[PDB]
Amino acid sequence: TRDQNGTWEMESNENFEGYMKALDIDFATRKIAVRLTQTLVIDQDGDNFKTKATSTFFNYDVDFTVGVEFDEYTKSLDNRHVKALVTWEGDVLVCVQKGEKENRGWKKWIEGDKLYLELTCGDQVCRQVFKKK
């Protein structure tokens, strides 16, 4: 399904450190972030997404429209300019963030009862699994 609506609670988080290191997130932020449970809130209506990722100490907002390129200033992460585009490849939602970092973006998809989020940067891949609240 393409329906990714809901409140999603983190089950697993594999190689978050490697992904964050590839982004040049500072040491101290990485050490805290890797231990925290994330909650993802996704409001999806047609092509319009409003999403939030939240933890005890960090929060990451991003809204986008599928198929509409948008500039991003990742000021809370690694503080870079990227040109972002989110599109569907089958039932996989694919974000490419064009900029300095190669292979930067993510892929989100539903498999049974779970939401998968694959974060990429450089040679690093982080795989997160969420289940609905």
# chains A, B, ... in the order shown; residues from 1 in each chain; ligands from 1

$ residues_around --residues "stretch 17-22 of chain A" --least-positions-apart "2" --cutoff "9 Å" --atoms "only C-alpha atoms" --output "number ranges by chain"
A: 14-15, 24-27, 30-31, 33-34, 77-78, 101, 119-126

$ residues_around --residues "stretch 5-7 of chain A" --least-positions-apart "2" --cutoff "6 Å" --atoms "only C-alpha atoms" --output "ChimeraX atom specification"
/A:3,40-44,132-133

$ residues_around --residues "residue A:37" --least-positions-apart "6" --cutoff "10 Å" --atoms "only C-alpha atoms" --output "PyMOL selection string"
chain A and resi 9-13+54-56

$ write_last_selection --atoms "C-alpha atoms" --output "tab-separated table (two decimals), in the first residue's frame"
chain	number	residue	atom	x	y	z
A	9	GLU	CA	6.70	3.85	16.91
A	10	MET	CA	10.29	2.79	16.37
A	11	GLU	CA	11.02	-0.94	16.66
A	12	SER	CA	14.56	-1.13	15.43
A	13	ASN	CA	17.30	1.19	14.29
A	54	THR	CA	10.14	13.15	17.49
A	55	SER	CA	12.27	11.88	20.33
A	56	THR	CA	12.94	12.99	23.90

$ closest_residue --among "A:105, A:100, A:57, A:131" --to "residue A:84" --atoms "only C-alpha atoms"
A:105

$ select_by_dssp --residues "chain A" --states "alpha helix (DSSP H)" --output "list in words"
residues 16, 17, 18, 19, 20, 21, 22, 23, 27, 28, 29, 30, 31, 32 and 33 of chain A

$ closest_residue --among "A:23, A:8, A:29, A:49" --to "residue A:103" --atoms "only C-alpha atoms"
A:23

$ closest_residue --among "A:79, A:38, A:52, A:69" --to "residue A:129" --atoms "only C-alpha atoms"
A:38

$ atom_distance --atom1 "atom CA of residue A:83" --atom2 "atom CA of residue A:70"
5.9 Å
